[PDB]
Amino acid sequence: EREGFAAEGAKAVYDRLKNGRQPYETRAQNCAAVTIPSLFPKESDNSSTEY
Amino acid sequence: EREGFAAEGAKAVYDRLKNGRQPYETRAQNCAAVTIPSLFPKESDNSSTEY
Amino acid sequence: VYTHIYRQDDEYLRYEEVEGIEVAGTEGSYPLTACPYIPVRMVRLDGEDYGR
């Protein structure tokens, strides 16, 4: 009955581990700004963003 | 029962002989900093370090 | 919708969850060498998740 690794649910494991990706996204955003700015967009972009 | 060369366990030998490798590591780090600085990382590095 | 895959006793298990409950009919099991999810890295270091 969901003993190990699954005793708390799916939306709970996803929120604890979400803070480990922080350096990689920042470093990729720094890389993808002198070659193609539209290759790696942020997570807060919409129709009005200009590259 | 594990006679000579084996009279103090596996962990005791490792920590005693660990001290002989220091010059080689110190020299390898100097060598691997003008060619490619991410080929010989130290033993105390993590996701935040920058090369 | 969320999907969860975890290791238990030399195999893999899965299920699917919506809202806050579990959708019936989505359970399953995969072998230890035929998981159809493939994380890929380019440059691999020692002791880190993900890749450079």
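Note that residue numbers begin from 1 in each chain and follow the written sequence, not necessarily the entry's scheme, while residues that lack coordinates are absent from the view. Naming scheme: in the order in which they are written, chains are lettered from A and ligands are numbered from 1. Readers should keep in mind that the chains presented make up only part of a larger assembly and that every value pertains to that part. The side-chain values count all of the structure's non-hydrogen atoms but skip hydrogen atoms and water molecules.

- In its metadata, the entry names cryo-EM as the structure determination method and reports 3.12 Å as the resolution.

Looking at the pattern of salt bridges
Piece 1. By definition, a salt bridge exists where a carboxyl oxygen of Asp or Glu is found within 4 Å of a side-chain nitrogen of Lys or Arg. Applying the stated criterion across every chain, the model contains nine salt bridges over all chains.
Piece 2. Measuring nitrogen to oxygen at the nearest pair gives 2.4 Å for the salt bridge that ties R16 of chain B to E8 of chain B.
Piece 3. For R52 of chain C, the salt bridge is made with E48 of chain C, and the minimal N-O distance between the two is 3.8 Å.
Piece 4. The class for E48 of chain C is buried, based on a relative accessible area of 14%. Under the scheme applied here, a residue whose accessible area is under 20% of the maximum for its type counts as buried, over 50% as exposed, and between as partly exposed, the area being computed with a 1.4 Å probe on protein chains only.

A look at the layout of surface pockets
Piece 1. Points on a 1 Å grid over protein atoms alone make up a cavity when a 1.4 Å probe fits among them but cannot get out, and a pocket when they form an open set with protein on both sides within 12 Å along at least five of seven lines; lining residues each have an atom within 4 Å of a point. Grid points are joined across faces, edges and corners, and a volume is the space filled by probe spheres set on the points. What the largest pocket holds in volume is close to 1,000 Å³.
Piece 2. Lining the largest pocket are 26 residues; nearest its centre among them are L17 of chain A together with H4, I5, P39 and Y50 of chain C.
Piece 3. Here a helix means four or more residues in a row that DSSP labels H or I, a strand means two or more in a row labelled E, and each is numbered from the N terminus. For the lining of the largest pocket, the elements supplying multiple residues, two or more each, are α1 (10-16) of chain A together with β1 (2-7) of chain C.
Piece 4. Considering each element in turn, the lining of the largest pocket owes the most residues, six residues, to β1 of chain C.
Piece 5. Looking at the lining of the largest pocket residue by residue, the classes come out as 15 nonpolar, six polar and five charged.
Piece 6. Considered as a void within the structure, the second largest pocket measures approximately 260 Å³ in volume.
Piece 7. Lining of the second largest pocket is provided by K18, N19, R21, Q22, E25, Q29, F40, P41, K42, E43 and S44 of chain B. Each residue is assigned to one of three groups, with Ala, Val, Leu, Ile, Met, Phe, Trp, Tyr, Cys and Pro labelled nonpolar, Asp, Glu, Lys and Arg labelled charged, and all others, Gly among them, labelled polar.

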